[PDB]
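Student: no sequence on this one, just coordinates:
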């Protein structure tokens, strides 16, 4: 049935290239089949399946599922920041395809967690490293320019990607994260400090709007907003502490076992 | 009325493969028209229509597509509007008035309510047949308000709801149970054991 699964995956991919998102998703849902047959038949097929899963995740709002499938197809940085190293068994062309898939995953990968990893990736290229720096900067002007220059990469069929839709959506999510990163933690905040920080965002009026909008998102919490004063206000602990202690013990265990 | 009468047949169509035959568009489009007039709704049927248009481009119908998108918006905060967008390619999204409708939807999604009402050509043709469109939008706005405000200026709420008179505002406050205040009123042993274990582990 492995061949049939491959046919399904290929057909689904074709539909996605010329096909609607939901039907392809349904095909993907049917599609998964035992790992082992694929492993016995060839190294590459599993990688292709992982790539398909990653694509589905990308179509899906969640980047988590795709993050797992892509790492398995290719090595990815693990939670707790340990290197994940993939097998080199698959045929070199297949491996190149896998590398391309990994490059695609970076987009999913950045969303999943952190932070500035390109160690597996070649140092010299500024295509991905530059993008990472721009995200780190937290300023769109550099981000926008990065899309503008590497307009060619996004385009690569033209009808299939007429408008660059996905990249733009991703960038808009990316812009929001830094503001949440201050993440309140202040009981009461001067308006002017908020204005200075929100000013950087392209819309001048966003803070009156941009700040309230952030509250609606719920990524960050604002207190006293819309107030006459105009100044924003901003067992559980034990559980958190216990959690940390657990992590420490885990690290020690791995050390001892090692 | 008509919606309920067509419901059974449409449901049967959607259960099988005939939903992929564009010959059934005439029936599905009349179904969409009935959803608009009676303020009824059927997302599955509407997505099937969009799919038929994407697969059979020559059948693309501007009015039906616009009504499907507008009705999808009336169903926010649900994912309806986003799903419909997934069913329309870039070329068609860029055409009038689909481009304009998506722009309006964008204002709603990003919750810029004042901007929405301002940009909304109140006397827009497509809106006339879509029964309850304006009030449906207000329900979404009140959904957002109930989540993002503790207290809110009476004047501000009326603005966000489309510049309502005090009498109309009262209707919505009443609907969600909001009332004016000063203003409209809107809104051990185990642990010890754990430490002991953790400590022991550390010592080891």
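Tutor: Thanks, I have it. Residues are numbered from 1 along each chain as shown, chains lettered A, B, ... in the order given.
Student: Contacts only, for the residue of chain B found nearest chain A.
Tutor: Nearest to chain A in chain B, going by C-beta to the nearest C-beta, is residue B:90, at a distance of 3.8 Å. For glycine as for every other residue, the C-beta is placed from the backbone atoms N, C-alpha and C. Neighbouring residues of residue B:90 by C-beta atoms under 8 Å, 6 or more residues apart in numbering or on different chains: A:159, A:162-163, A:165.
Student: what number of residues lie near whatever residue of the stretch 101-250 of chain A ends up closest to chain B?
Tutor: The minimum distance from the stretch 101-250 of chain A to chain B, using C-beta to the nearest C-beta, falls at residue A:162 (3.8 Å). Each residue near residue A:162 was counted by other C-beta atoms under 10 Å in any protein chain shown, and the total is 14.
Student: again, but for residue A:7
Tutor: For residue A:7, using other C-beta under 10 Å, the count is 10.
Student: For it, give its distance to chain B.
Tutor: According to C-beta to the nearest C-beta, to the nearest Å, residue A:7 and chain B sit 20 Å apart.
Student: Give me the phi and psi for that residue.
Tutor: Per-residue torsions, residue A:7: phi -60, psi -40 (degrees, to the nearest 10).
Student: same check, this time on residue A:226
Tutor: phi 80, psi 10.
Student: Could I get the full set of helices for chain B?
Tutor: If DSSP state H is used as the criterion, the helices of chain B fall at B:2-15, B:25-38, B:43-55, B:62-74, B:80-86, B:90-93, B:98-109, B:113-119, B:125-128, B:133-148, B:154-160, B:166-176, B:189-203.
Student: Quick one, which of those gets closest to residue A:216.
Tutor: When the helices of chain B are compared by C-beta to C-beta, helix B:133-148 sits nearest residue A:216, at 4.5 Å.
Student: Residues in contact with the closest one: which ones?
Tutor: So helix B:133-148 is contacted by A:212, A:215-216, A:218, B:39, B:70, B:73-77, B:108, B:111, B:113, B:116, B:127, B:152, B:157, B:160-162, B:172, B:175-176, B:186-187 (C-beta under 8 Å, 6+ apart).
Student: now it: how far from the chain's centre is it?
Tutor: Relative to the centre of its chain, helix B:133-148 is centred 10 Å away, using C-alpha atoms, centre = their mean, to the nearest Å.
Student: ok and it relative to helix B:25-38, angle-wise?
Tutor: 70 degrees (axes from the mean of the first three to the mean of the last three C-alpha atoms, to 10 degrees).
Student: you'd agree residue A:31 is up against residue A:10?
Tutor: No. If you go by C-beta atoms under 8 Å, residue A:31 and residue A:10 don't touch, sitting 10.5 Å apart.
Student: hang on, the earlier thing: who's in contact with the residue of the stretch 101-250 of chain A closest to chain B?
Tutor: Neighbours of residue A:162 in contact, by C-beta under 8 Å, 6+ apart: B:89-91.
Student: Which of these sits closest to residue A:148?
Tutor: So of these, ranked by how close each gets to residue A:148 (C-beta to C-beta), first place is residue B:90, at 19.0 Å.
Student: Go ahead and confirm residue A:50 touches residue A:75.
Tutor: No. Using C-beta under 8 Å, residue A:50 is not in contact with residue A:75, being 11.6 Å away.
Student: Identify the residue of the stretch 1-150 of chain A closest to chain B, quick one.
Tutor: residue A:21 (4.5 Å).
Student: Does chain B have contacts with stretch A:173-187?
Tutor: No. Judged by C-beta under 8 Å from any C-beta of the partner chain, stretch A:173-187 stays clear of chain B, getting no closer than 11.2 Å.
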